[PDB]
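Taken one at a time, structure 1 and structure 2 that follow are two forms of one protein chain, written as structure tokens.
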Structure 1
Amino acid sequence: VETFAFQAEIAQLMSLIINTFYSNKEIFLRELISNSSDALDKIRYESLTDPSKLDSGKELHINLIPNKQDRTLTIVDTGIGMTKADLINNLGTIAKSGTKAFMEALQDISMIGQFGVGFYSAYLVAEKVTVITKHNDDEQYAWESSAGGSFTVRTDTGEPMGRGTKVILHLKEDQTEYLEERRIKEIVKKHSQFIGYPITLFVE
């Protein structure tokens, strides 16, 4: 297990998200689904010139998995995945630029999507987020952070996932509405209805 410091602007943004009241927190699910959709676009595009890209799994989909016993909501996709370097260095498109100005726009949370840092909206509703991911060119890794200025990266020895990413949201006590079938259906309808991949909401 390696433990890393967040980029300064990201630590700042995370503190803001966790320690400030925002109303319309449901948009976290729109941002995660948007990210999954983009990751799906990426592998799909690569597959068009190299079909072997899909040897790690042909299905291109998004799954929503509420677990009331564990108090987790999991968003799984079979998109391009992330390498260990992605997990340590962050993705090129997440950087101080998108972050810096958005906080100054805050000081509605929903415009986070616009600035390419939508993932961190997960911290509106989750006390801890685990990102398990597998890219064609790397092994399976687990990234995790409960904020506090650091994240961990470790090999994931667990369930081999083929290719893609799982975001496990360990929900805050007062945010369990996001485990209810009806609430999740409503949010998907309102914000992610026309996403171009199947979104399957698991039943408990």
Structure 2
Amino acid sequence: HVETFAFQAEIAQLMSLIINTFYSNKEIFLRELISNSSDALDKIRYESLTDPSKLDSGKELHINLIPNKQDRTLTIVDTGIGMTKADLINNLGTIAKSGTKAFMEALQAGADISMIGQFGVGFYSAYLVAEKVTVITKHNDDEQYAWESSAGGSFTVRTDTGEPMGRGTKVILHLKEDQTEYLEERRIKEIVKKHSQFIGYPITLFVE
């Protein structure tokens, strides 16, 4: 069944900032997730170096960007370490909760949002483009989970029953009505080339 959680009020508060503040340079939302995905392919390249039985859930280490116009969705799939329940529910909430304050202190004093990454809170970047985000993730030690939040204070998590994804994180952006420009191949290739040309993992932009 579906469990409902509340955001730590600092996370809540953040998500509003992102959602309601005027900021036109939204495309950066994507290199944050690319980057994030690289950070989770790093973690598992590394661990498998000592324990190669960790790759039994999938030898192949790659990023996939998937645009779906009919759904209004860009998913960023990745074969990374993945997230456990304790991750989704309590461990991420914890780290995120410092990243948030620093990021927000650093805001008057005129840093800005394209910098949310140097603060550990990149993932929340999605909220620039996404009206609801759905994380489908699969760790080696735990069950497969779906996390979802349309923001506004609360997130859900359930055990998934979709395609068994083997090991990874899929992040399905359910884009707002006026942001469909990131559903366009020509527009996705330009951001990748601009902001993520050095990611040491195969990035595959699916066409439609």
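Quick note, the numbers are simply positions in structure 1, starting from 1. By rigid core we mean the largest C-alpha set that fits within 1.5 Å across both forms. Only residues modelled in both forms are compared.
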> Where does the C-alpha shift reach 2 Å or more between the two structures among 94, 132, 75, 122, given a fit on the rigid core?
Replying inline: 94
>> After superposing on the rigid core, how much does the Cα of residue 7 shift between the two structures, in Å?
In response: 0.9
> How much does the C-alpha of residue 20 move between the two structures, in Å, given a rigid core overlay?
Replying inline: 1.1
> Looking only at residues found in both forms, which runs of 3 or more have C-alpha shifts of at least 2 Å between the two structures after a core fit?
Replying inline: 90-97, 103-107
